[PDB]
Amino acid sequence: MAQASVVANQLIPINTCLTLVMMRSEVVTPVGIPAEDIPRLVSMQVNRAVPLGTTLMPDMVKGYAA
């Protein structure tokens with residue numbers, strides 16, 4: 001696998017705006033939101049709590065479409 005996805009660097013609470021300290025990049029499987037989109041994602045909100053180490057998926061972010 002060599003494509004990185006956005007991974008939660010901390011528990012991200014429900015309905016909370018995404019900041020850069022909340023998002024790391026990691027090569028994980030299954031593939032989630034591409035790491036190059038971390039820019040785009042700042043200030044978007046998640047629709048569910050995202051535990052530490054979870055891969056951010058498109059359906060978890062309100063208003064995301066790639």
# chains A, B, ... in the order shown; residues from 1 in each chain; ligands from 1

$ residues_around --residues "segment 36-53 of chain A" --least-positions-apart "5" --cutoff "8 Å" --atoms "only C-alpha atoms" --output "PyMOL selection string"
chain A and resi 6-20+23+60-64

$ select_by_dssp --residues "segment 5-59 of chain A" --states "strand (DSSP E)" --output "ChimeraX atom specification"
/A:5-8,23-26

$ select_by_dssp --residues "chain A" --states "alpha helix (DSSP H)" --output "PyMOL selection string"
chain A and resi 38-41

$ atom_distance --atom1 "atom CA of residue 26 of chain A" --atom2 "atom CA of residue 1 of chain A"
10.5 Å

$ atom_distance --atom1 "atom CA of residue 33 of chain A" --atom2 "atom CA of residue 5 of chain A"
5.3 Å
